[PDB]
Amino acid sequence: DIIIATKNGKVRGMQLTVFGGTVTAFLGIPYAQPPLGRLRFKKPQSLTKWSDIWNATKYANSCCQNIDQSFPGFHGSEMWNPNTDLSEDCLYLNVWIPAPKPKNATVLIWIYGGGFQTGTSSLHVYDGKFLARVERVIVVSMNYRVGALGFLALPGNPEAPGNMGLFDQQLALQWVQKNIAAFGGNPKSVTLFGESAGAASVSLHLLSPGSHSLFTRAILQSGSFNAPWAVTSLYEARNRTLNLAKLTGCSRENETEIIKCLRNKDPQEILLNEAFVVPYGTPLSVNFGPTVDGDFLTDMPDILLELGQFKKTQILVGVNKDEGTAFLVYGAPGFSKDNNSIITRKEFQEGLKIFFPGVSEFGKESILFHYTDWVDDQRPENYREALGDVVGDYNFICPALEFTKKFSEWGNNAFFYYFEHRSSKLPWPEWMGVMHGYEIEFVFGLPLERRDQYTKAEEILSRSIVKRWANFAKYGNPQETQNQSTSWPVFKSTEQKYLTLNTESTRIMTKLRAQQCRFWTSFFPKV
């Protein structure tokens, strides 16, 4: 029986059997004052000391959120849905420790994605006990507020200043700084990693001065702050905030007196009104996201990046081959997870209206013109794959590549990857390829469990990725040095080399999406 004395009081963990050994788990450690009552919409308050033994033996409450329901009973959407109660009392974090207690172990801190509207750290594919067991690192994950309750912005107003979820994360980073030592961790060797909006989060942590000293290195999986969906400006933050008030009957004149109205509304009142704060949404819509608050963010992030105003350190950045296909079955006409989704030129044209609603007719013609120069004009899946590439190149890949070029231009080592393996267990149809979110299980080493009926080639690739992530965390270099692997080159802005990750062969390529990204990053802004 192990109990660790944190600065805030004693906490009792539990022991797990992983791969013939032990990992100690502390699920559900509180790291903030519960943000309810008058604390709703506010920055996270500090934790009051306690004098008993907190039993950190089960996952905590998940933060209030709206749940995916487009496919009830379907594992492919429900693996992402919360697996603990929803409650405003949700600011908790988890710690996996190798056994026996390491001395000065590198800490990995996971920040989950979900469009800043959904997510929870208790998901099975975020289980950190494999990483603890295999690479003797410490894995920490936290829950952070999402949707309106985590990102409602009345800018300047401390009653709802914006970016509360990001301050939740930061307060958890503060926690492992003040406490990880007692678990055997090295507060000086802390690597942030996250996926989708989690990756956008860690990219903002590279910019936030208040995060500069709370971590060492950073891993960005399928996301960056410069992605079109990732930052909401101040005028849409306010139109959205005031729309929600009109929806709940909280329109008041005194700016502050709008907030106390929302603070006495039930959590489900705000949740079901969230979707309608934008007049025309898209499958990629982030209704309440990060803003320039003058606190977490001191200025617009694109300016900070372009002028080298970020934490200088190594980064690991990468994308998946079919980032965009997940979003097609949530909106585009003619798409279905239950057929081959072969669409015509006409249907391709109406998908662009879904994904680019307020963009010109000349804008949409140029997208179609760039993405329809086929090798084979007879392929019936031409337009299907093309609209998938359009959505994936615009929302994830081209921003991620631009982030890596601009970050590396200031002298730091950067490492870019291209994940192109489709999981043998992936419950979505084959036409959707290597989907958004489905490298996560490889990173967390789930195929390392042979009972889980992953393929043998998948155990090897996960083992090699798990090693490259932990080598990057520990030593700032994502090599696998022993089994004669391909050496991962630095991403230099001149040649733009990256590593493809897959079962058959890891090769070195250059200038991922050369043409597609020039169009999206240089031309498409001007239309």
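When you see a residue number, it is the position in the sequence shown, counting from 1. For the two forms, the rigid core is made up of the largest set of C-alpha atoms that agree within 1.5 Å on superposition.
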{"query": "Which of 364-372 and 168-176 lies farther from this form in 8 other deposited structures of this protein, as RMS of C-alpha positions after a rigid core fit", "finding": "364-372"}
{"query": "Rigid core superposition result in 8 other deposited structures of this protein, more deviant of 355-363, 70-78 by Cα", "finding": "355-363"}
{"query": "No coordinates for residue 377 in a third or more of the other PDB entries", "finding": "yes"}
{"query": "Mean C-alpha B-factor comparison - 269-277 and 309-317, higher one", "finding": "269-277"}
{"query": "Segment of higher mean CA temperature factor, 413-421 or 232-240", "finding": "232-240"}
{"query": "Deposited CA B-factor, highest of 253, 393, 302, 195", "finding": "253"}
{"query": "Selection by C-alpha B-factor (highest) of 63, 47, 60, 466", "finding": "47"}
{"query": "Lowest, middle or highest third - CA B-factor, residue 41", "finding": "highest"}
{"query": "Residue 12 CA temperature factor, ranked by third within the chain", "finding": "highest"}
{"query": "Where the record places residue 428 (Cα B-factor, split into thirds across the chain)", "finding": "middle"}
{"query": "Residue 124 CA temperature factor, ranked by third within the chain", "finding": "middle"}
{"query": "Among modelled residues of the same chain, the CA temperature factor third for residue 98", "finding": "middle"}
